[PDB]
């Protein structure tokens, strides 16, 4: 597999706050950004191992990059180009957020100063709250996306039978803003039965747990991106068989074994 990056993984390496790649960052001003509010790109400094897949991340309603910034370095140091974006306005709805995720990927791969570090065929989307509902909208418009990860996602559209993108749905047991009963579980249950997918419900968490460093979110997000953006079968072991309920996991559902 030409897309494998970094050493063989262990449970410790996916839980680490800083992966094997040293990282750098650049800012993209809102003046230059076409179709979105600007953002920050986090990327491995080294070009010696080849190009990397890329992930764009959107914040939620009334939120800015500061709410999702901790994911930048944390994911990029595992061998990803990661773009945390601001939206045009903080009141934008999920469908608009989905269009902005795709415009940010377009900018990153076609016009940014790190476009030669990125493999434009291997892209993913992530978001928190309404941004998470936007990640589903983006995967509906662009079915070549390799991974989608909504974090305590919010969307009035509950059913997604069109998706072909492997999706990890992350919910929080105590979320009162986007309750898993009416947002996250319905999203998960409506995805095609043949799709590689998974539902992770955090234990003792709220709607704002994803806005601060969380080892459980990080380890499964890293594994999911490695497995599907890089096709890296060394990370399948963390996902299948599915994890059991624990101190940090309230519930986990999944289609194992994966067929991507």
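Numbering follows the first chain given and starts at 1.
A.B. asks: As stated in the PDB record, which stretch has the larger average Cα B-factor, 137-145 or 173-181?
C.D. replies: Between 173-181 and 137-145, it is 173-181 that shows the higher mean C-alpha B-factor.
A.B. asks: According to the deposited model, is the average Cα temperature factor higher in 75-83 or in 110-118?
C.D. replies: Taking the mean B-factor of the alpha carbons in each, 110-118 is higher.
A.B. asks: Using the entry's values, work out which of 27, 30, 221, 215 has the largest Cα B factor.
C.D. replies: When the deposited C-alpha B-factors of 27, 30, 221, 215 are compared, 30 is largest.
A.B. asks: Out of 124, 166, 186, 132, which one has a C-alpha B factor higher than all the others in the entry?
C.D. replies: Across 124, 166, 186, 132, the entry lists the biggest C-alpha B-factor for 186.
A.B. asks: Taking the C-alpha B-factors as the PDB entry records them, is residue 48 in the lowest, middle or highest third of its chain?
C.D. replies: Middle third of the chain for residue 48's C-alpha B-factor.
A.B. asks: Give the position of residue 38 by CA B-factor within its chain, expressed as the lowest, middle or highest third.
C.D. replies: Middle third, going by the recorded CA B-factors of the chain.
A.B. asks: Thinking about Cα B factors across the chain, which third does residue 238 belong to?
C.D. replies: As the PDB entry reports it, the C-alpha B-factor of residue 238 lands in the middle third of its chain.
A.B. asks: How does the C-alpha B factor of residue 158 compare with the rest of the chain: lowest, middle or highest third?
C.D. replies: As the PDB entry reports it, the C-alpha B-factor of residue 158 lands in the highest third of its chain.
A.B. asks: Comparing against every modelled residue in the chain, figure out the third that the C-alpha B-factor of residue 211 lands in (lowest, middle or highest).
C.D. replies: It falls in the middle third of the chain.
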